[PDB]
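Spelled out, the chains give:
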Amino acid sequence: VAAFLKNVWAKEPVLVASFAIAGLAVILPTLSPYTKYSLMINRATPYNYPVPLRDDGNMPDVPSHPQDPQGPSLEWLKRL
Amino acid sequence: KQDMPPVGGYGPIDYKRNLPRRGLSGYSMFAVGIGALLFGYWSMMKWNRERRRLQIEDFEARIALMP
């Protein structure tokens, strides 16, 4: 079966190259950590309006000032 | 007395059949193909991600106004 890759690649060299692109395409999205950066950006794109809520006692976090360090940090991308 | 056949001066031209001007064969090809292909993918992620940065910038102006 070791020459089976060398008696068809010298016989029909078209679909042999297709199966190699069938390979190396399913496997790699589960491999490199550049994915889940695809997920963090695609969720952090603001379409709609972020409506604020009503305070009653608490206040667990996030006061009215927008430029305060009160929310998350997606600002790694601008530094990236 | 004025007939043809000359004393000398002959070639001939060849009956040969050859022009093997190769040509960067034998695994030297497929090497300039793959590296330049990933070079185009390397040109990505510095433009699409850059335009993605401007894309949030574009949507930023929409959300800041409209109260």
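Its PDB record attributes the structure to cryo-EM, giving the resolution as 4.2 Å.

In the annotation of the PDB entry, chain B is listed under the name NADH dehydrogenase [ubiquinone] 1 alpha subcomplex subunit 13 and assigned to Bos taurus.

Per the PDB entry, chain A goes by NADH dehydrogenase [ubiquinone] 1 alpha subcomplex subunit 3 and derives from Bos taurus. Taken from UniProt, the Function comment for chain A reads in full: "Accessory subunit of the mitochondrial membrane respiratory chain NADH dehydrogenase (Complex I), that is believed not to be involved in catalysis. Complex I functions in the transfer of electrons from NADH to the respiratory chain. The immediate electron acceptor for the enzyme is believed to be ubiquinone." The heading Subunit in the UniProt record of chain A holds the text "Complex I is composed of 45 different subunits."

Novice: Could you give an account of the overall build of chain A, naming the residues involved and the relevant values?
Specialist: Summing up its helical and strand segments, chain A has three helices and zero strands in all. When its helices and strands are written in sequence order, chain A yields α-α-α. What you see for chain A is a C-alpha radius of gyration of 25 Å, clearly larger than the 12 Å of a compact globule of 80 residues, by over 25%. For chain A, the C-alpha atoms occupy an extent of roughly 75 × 25 × 20 Å along the three principal directions.

Novice: So what's going on with the packing of aromatic side chains? Residues and values would help.
Specialist: All names here are of chain B. Per the stated rule, a full pass over the model turns up three aromatic pairs over all chains. Across the ring face of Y15, the terminal group of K16 is positioned such that the distance to the ring centre comes to 3.6 Å. For the cation-ring pair, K46 lies above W42, with the distance from its terminal atom to the ring centre recorded as 3.6 Å.

Novice: Describe the interface of chain A and chain B, with residues and values.
Specialist: With eleven residues of chain A at the interface, the matching set in chain B holds seven residues. Summing the contributions of chain A and of chain B, the shared interface buries around 970 Å²; its carbon and sulfur component is 69%. For the interface between chain A and chain B, the tally reads zero salt bridges. The interface formed by chain A and chain B includes three residue pairs in polar contact. Here the residues of the side of chain A that touches chain B are counted per class, giving eight nonpolar, two polar and one charged.

Thresholds applied
Residues numbered from 1 in each chain as written, not as in the entry; some residues may be left out. Chains lettered and ligands numbered in written order. Part of a larger assembly, values for the part shown. Heavy atoms only, no water. Residues with missing side-chain atoms left out of burial classes, pairs and counts. UniProt positions renumbered as here; feature names shortened; annotations may be inferred. Helix = DSSP H or I, 4+ residues; strand = E, 2+ residues; numbered from the N terminus. Rg over C-alpha atoms; globule rule 2.2 N^0.38 Å. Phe/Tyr/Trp six-rings, centres within 6.5 Å; stacked < 30°, edge-to-face > 60°. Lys NZ or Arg CZ within 6 Å of the ring centre and 35° of its normal. Contact = heavy atoms within 4.5 Å. Buried area = accessible area lost by both parts, 1.4 Å probe. Salt bridge = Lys/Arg side-chain N within 4 Å of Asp/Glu carboxyl O. Polar contact = N/O pair within 3.5 Å; in protein donor to acceptor, adjacent residues only side chain to side chain. Nonpolar A, V, L, I, M, F, W, Y, C, P; charged D, E, K, R; others polar.

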